[PDB]
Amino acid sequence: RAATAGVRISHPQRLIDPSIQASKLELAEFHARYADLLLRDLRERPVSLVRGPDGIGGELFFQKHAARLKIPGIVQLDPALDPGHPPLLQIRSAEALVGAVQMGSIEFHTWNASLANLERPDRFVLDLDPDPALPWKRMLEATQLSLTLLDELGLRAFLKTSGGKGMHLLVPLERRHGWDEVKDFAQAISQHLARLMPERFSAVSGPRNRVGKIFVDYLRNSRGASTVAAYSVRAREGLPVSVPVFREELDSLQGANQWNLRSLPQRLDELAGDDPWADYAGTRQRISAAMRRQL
């Protein structure tokens, strides 16, 4: 089990994605090899699991809590954090990560807060959701415009493909605000963009509320909500991965799922050390009165 963080994998040959012949064992080995990459995000954050016992061709179970875990190393958080429910979950090691895969996990989504203080978010996320029949170029132009606004606000943003159909923008924040304050700020940004360019942006959820447009989703900022982790796999055809990218290579992207679990190695080799999010952990910023004025 040297290639699976010492974890025994049952039914190693069952297919996670028949389209590319990706087995459960391959998925486990991927999480073992890149555990450190995924842990850059999961190590100190509560995590929600997307489990697919029958592969992407079957259904998916979105799990937040668990009473009994057959995942050696997984951490069960204090029920007091979410009364009326079994313990939340936290993965802090390669063994726990692979163990989760062994139990059917395919995707990992983390909270916008870390164990240091789960009542003060350390980031907010803007998830751009486009109309299914909208040209990819629209997503690129919308992402560029969103970053321009963030620059004016004086906020540093970190971009990543979702692995699905849109882009994700993560903005770290000092733990000085409560959940409602951060969410309202994120919503204010979405509404601001919708007011400036109603032809491009929408601040209201629901496909019927973004026909031919892009919805700047701010709902992922609710306490308990989560967002797919950078470098994590998506339970979709081709097993695409959510990949951090430089703002300078944005216009060169051709799709939110251009990278997959098998092409990631090449991505990392091409980068050869260059890290799109090299300045993440070191970023120190907070919501200021000036920002509210601009919004």
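One-based numbering along the sequence shown.
Q: Averaging the C-alpha B factors as listed in the entry, name the stretch that ends up higher: 132-140 or 154-162.
A: The deposited B-factors put 132-140 ahead on the C-alpha mean.
Q: State which stretch shows the higher mean Cα B factor in the entry: 102-110 or 70-78.
A: So the stretch with the higher mean C-alpha B-factor is 70-78.
Q: Looking at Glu44, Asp251, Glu237, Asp54, which has the biggest Cα B factor in the entry?
A: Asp251 has the highest C-alpha B-factor of those listed.
Q: Among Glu26, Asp36, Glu59, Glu270, where is the Cα temperature factor highest, going by the PDB entry?
A: It is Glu270.
Q: Sort the modelled residues of this chain by their C-alpha B factor and say whether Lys64 lands in the lowest, middle or highest third.
A: As the PDB entry reports it, the C-alpha B-factor of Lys64 lands in the lowest third of its chain.
Q: Consider only the C-alpha atoms of the modelled residues in this chain, order them by B-factor as the entry records it, and name the third containing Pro198: lowest, middle or highest.
A: Tercile = highest for this residue's CA B-factor.
Q: Comparing against every modelled residue in the chain, figure out the third that the C-alpha B-factor of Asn117 lands in (lowest, middle or highest).
A: Within its chain, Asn117 is a highest-third residue by C-alpha B-factor, going by the deposited values.
Q: Is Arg247 in the lowest, middle or highest third of its chain when residues are ranked by C-alpha B-factor?
A: Within its chain, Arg247 is a highest-third residue by C-alpha B-factor, going by the deposited values.
Q: Could you tell me which third, lowest, middle or highest, the C-alpha B-factor of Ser93 occupies within its chain?
A: Its C-alpha B-factor, which the entry lists for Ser93, ranks in the lowest third among residues of this chain.
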